[PDB]
Amino acid sequence: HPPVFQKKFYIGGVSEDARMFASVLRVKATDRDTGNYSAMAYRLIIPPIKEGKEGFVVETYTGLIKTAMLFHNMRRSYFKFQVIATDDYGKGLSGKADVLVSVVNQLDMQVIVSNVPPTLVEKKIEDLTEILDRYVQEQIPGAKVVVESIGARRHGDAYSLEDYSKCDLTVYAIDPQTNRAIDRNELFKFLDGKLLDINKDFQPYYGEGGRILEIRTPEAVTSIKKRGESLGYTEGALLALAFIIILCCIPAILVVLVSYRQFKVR
Amino acid sequence: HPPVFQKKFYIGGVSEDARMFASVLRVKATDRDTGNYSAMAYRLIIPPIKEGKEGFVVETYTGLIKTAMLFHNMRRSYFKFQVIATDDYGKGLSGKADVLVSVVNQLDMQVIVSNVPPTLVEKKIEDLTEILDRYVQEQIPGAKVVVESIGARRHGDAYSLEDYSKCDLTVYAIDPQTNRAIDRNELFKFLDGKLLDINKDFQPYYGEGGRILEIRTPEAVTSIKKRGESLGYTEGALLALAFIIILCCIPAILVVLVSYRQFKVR
Amino acid sequence: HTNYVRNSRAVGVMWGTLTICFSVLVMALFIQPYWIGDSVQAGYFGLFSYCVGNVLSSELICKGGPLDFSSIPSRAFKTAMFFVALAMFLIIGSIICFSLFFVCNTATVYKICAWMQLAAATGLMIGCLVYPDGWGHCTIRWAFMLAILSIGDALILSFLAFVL
Amino acid sequence: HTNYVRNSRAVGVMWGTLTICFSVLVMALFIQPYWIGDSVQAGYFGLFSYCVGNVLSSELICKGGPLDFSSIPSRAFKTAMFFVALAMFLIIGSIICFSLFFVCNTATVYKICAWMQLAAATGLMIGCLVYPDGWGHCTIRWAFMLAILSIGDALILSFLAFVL
């Protein structure tokens, strides 16, 4: 007998400098009645990719989707494929579903900062993403917050300190219609407009004296100005040489004009 | 009743630019007879770290060790701590064990290259590391191959291509005595001396027509020469200006010497 | 007209000095790494070789150097390279017309080097006009501005050379 | 002695030109980014500010610039900075002794600028000797080699200034 999916279209998304076989998500095609879904073999049906890439993989008895490709300078290479789940340890019947996965850069990142330790954040990240994608999908049904990395709060000397009482949370939702990565400013504005409604909700999750603080910009956005180089001073020295020598030659022209003029006079 | 560990000292190790909450390893303190070890709560006892770091974490009902700290320029900050496992969903008795974890750079990496697709490698990585740490611990009991990243084979234009028939495998073993990271050349030589003995062994694992090919050096070692800048040509232009002007002033000295000498003569 | 012949031989050896100064200036204009760049791709290309990359990428590869007469994309870049290389060899020949100063007349050699600096200013003007036709954001580097100051430089050198 | 006075006024305006050339040379020696570096830490420090980092690290921070008389570590670096800054202001004063050329005697102003270039060569010699005492691998950059060529440069300028 075939399994029963939770969502008929599971929804994924990864990043550019993500490593090989990173955690995309875990799937669950449930058994219908008996709950004997440990005999399920989650497998794939994958459309062909250039150069023979397998690209997106999954395990068998965990359902955890992993990656089989690198992303040197690739961007928004959105991939749709099929996933199956075979009953009877890979012998019974099956149902199939599809997954979209996007590949995001540093510029498709906005940090959520709250006033809690980050290990509690990564502990309760399931319910955190659950409450987010509960109160965000009223924008668009088809949005799914994809957590990138959960660090301590970057601040200080060129954003190189860590606050442990606070946290960094790197997220992005899903484009279900044009099916690609999402720029950081709509990532700001779709979240920031309903901030207090979810500040209500994290009291069984943050605890007490806890709330969402701010929605700020990552660190490598600042480095974009830094890698752009400019006019130095050695260059300016050579330009100053040219300006010096034309500044020398002009009075030479005028004095030799007066010279040949007085040569004509006397 | 307390659990039963597999090894009384579990052994870990991470890298420098590893991300937050990365897969260190999974622990297993087994139930002794009944096999009812789903009521085990794997928890920690951690010595204090500077600035209030929690640093190394673990989950509860999976045993998977994760990270709670970043590594801007840190190196060989080896950490020993305690781990517990409480019976009865966190109410029974416990046994305790310890874990050493090192933090390695790009320079503590050597790539294993074989002639197999990388997804089969990451599939059978358990048995791969098992056969490695079977036939390597005859060097030192206390060595544990720590796989960093499994990519396709870097070659081509400045090592920027991928071979899918072949594979990259970034490993390192463990220092159990001086308890720190291991440089790449002993990582080469401890493996390369018994290559054919393990080329025998991967025939149920690679399949047929498969063996270990070579033990080569990662890509970022080459970039170390590239970041070292040198004398340009604008610099050389200014030096040439100085050399020109001394080359002009020396015959001026000699001609004005002859000038004042002939002034003395006539 | 004693002070006027003082001025004559003075500005003659000034031709020598300032000419070899702009010889190494134009040679520096050749063997630089920076011609025209951009900061929004993200590249610091240079029309003989070109390092082109993307955002925050560390490793860059410039494609060229000692030419094969086919390495750079635009033939307009090849032709302007030939103009400015003729300007290079011209100013080396102007060092040679300084070397041929003591044999012939001053009014001879001044007209020789005058014809030289005329052709130098003309060829540099043409190459500087050719580059934007070979060509989309840009950040222009110091090469073209050094060249456009060298325009008026060789213009003033040729004007005072016609004066002498 | 007509050709000899030709030589006299010729090399006088040569003092003007080559002096202002080394004025902008020493000003370039000041406002560079590279003093002494190293490639095995991994840093490109510069004794007024210092960008120090490690292997393959992208972001660097130079610590200094317009000084506070306390920013740089070594007082020997501060004192050698004061020597070479006196050399800077000296060569600016040598542009001023070129500006005071038309009032007094030639033999007066040549001895003035001779005393100048004497003190310039002496102070640059002292600062170049001081830097290795302030100081472990190194890769020396082009600053010290430009300075050590400027040593013999100002030496030759002062020698021919004593000649004139």
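Our structure's up above, just so we're on the same page.
Caption draft 1: Looking closely at the packing of helix α7 (residues 234-265) of chain A against helix α1 (residues 2-30) of chain C. Here α7 of chain A crosses α1 of chain C at 160 degrees, and the two axes come no closer than 11 Å. When the interaxial angle is binned, α7 of chain A and α1 of chain C end up roughly antiparallel. In the crossing of α7 of chain A with α1 of chain C, the sense of the turn from one axis to the other is left-handed. Two secondary-structure elements touch here, α7 of chain A through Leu238, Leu241, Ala242, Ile245, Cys249, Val255, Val256, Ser259 and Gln262 of chain A and α1 of chain C through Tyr4, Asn7, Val11, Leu18, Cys21, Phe22 and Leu25 of chain C. Per-class residue counts for the contact of α7 of chain A with α1 of chain C are 13 nonpolar, three polar and no charged.

Caption draft 2: Seen up close, the interface of chain C and chain A. Of the residues lining the interface, 26 residues belong to chain C; the matching set on chain A comes to 25 residues. Here chain C and chain A share an interface that buries about 2600 Å² over both sides, 76% of which is from carbon and sulfur atoms. When residues of chain C are sorted by the area they lose upon contact with chain A, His1, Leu56 and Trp142 of chain C head the list and together hold 21% of the total. Summed over the shared surface of chain C and chain A, the number is one salt bridge. The partner of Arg141 of chain C in a salt bridge is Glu229 of chain A, with the nearest N and O atoms 3.1 Å apart. The interface formed by chain C and chain A contains four residue pairs in polar contact. If you list the elements that add at least two residues to the side of chain C that touches chain A, you get α1 and α4 (142-163) of chain C. Among the elements that line the side of chain C that touches chain A, the one with the most residues is α4 of chain C, at nine residues. A class-by-class count of the residues in the side of chain C that touches chain A yields 20 nonpolar, four polar and two charged.

Caption draft 3: Summary view of the interface of chain A and chain D. Between chain A and chain D, the residue contacts involve eleven residues of the former and eight residues of the latter. Both faces combined, the contact of chain A with chain D buries some 840 Å², and carbon together with sulfur accounts for 79% of it. For the chain A face of the interface with chain D, the top three residues by lost area are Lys226, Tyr233 and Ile244 of chain A, together amounting to 45%. The tally of links between chain A and chain D comes to zero salt bridges. Counting across the interface, chain A meets chain D through one residue pair in polar contact.

Each value, and the rule that gives it
Residues numbered from 1 in each chain as written, not as in the entry; some residues may be left out. Chains lettered and ligands numbered in written order. Heavy atoms only, no water. Axes fitted to C-alpha atoms, helices over the stretch in contact; angles between N-to-C directions. Helix = DSSP H or I, 4+ residues; strand = E, 2+ residues; numbered from the N terminus. Parallel < 35°, antiparallel > 145°, perpendicular 65-115°, else oblique. Left-handed = near helix turned anticlockwise from the far one by under 90°. Contact = heavy atoms within 4.5 Å. Nonpolar A, V, L, I, M, F, W, Y, C, P; charged D, E, K, R; others polar. Buried area = accessible area lost by both parts, 1.4 Å probe. Salt bridge = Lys/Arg side-chain N within 4 Å of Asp/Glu carboxyl O. Polar contact = N/O pair within 3.5 Å; in protein donor to acceptor, adjacent residues only side chain to side chain.

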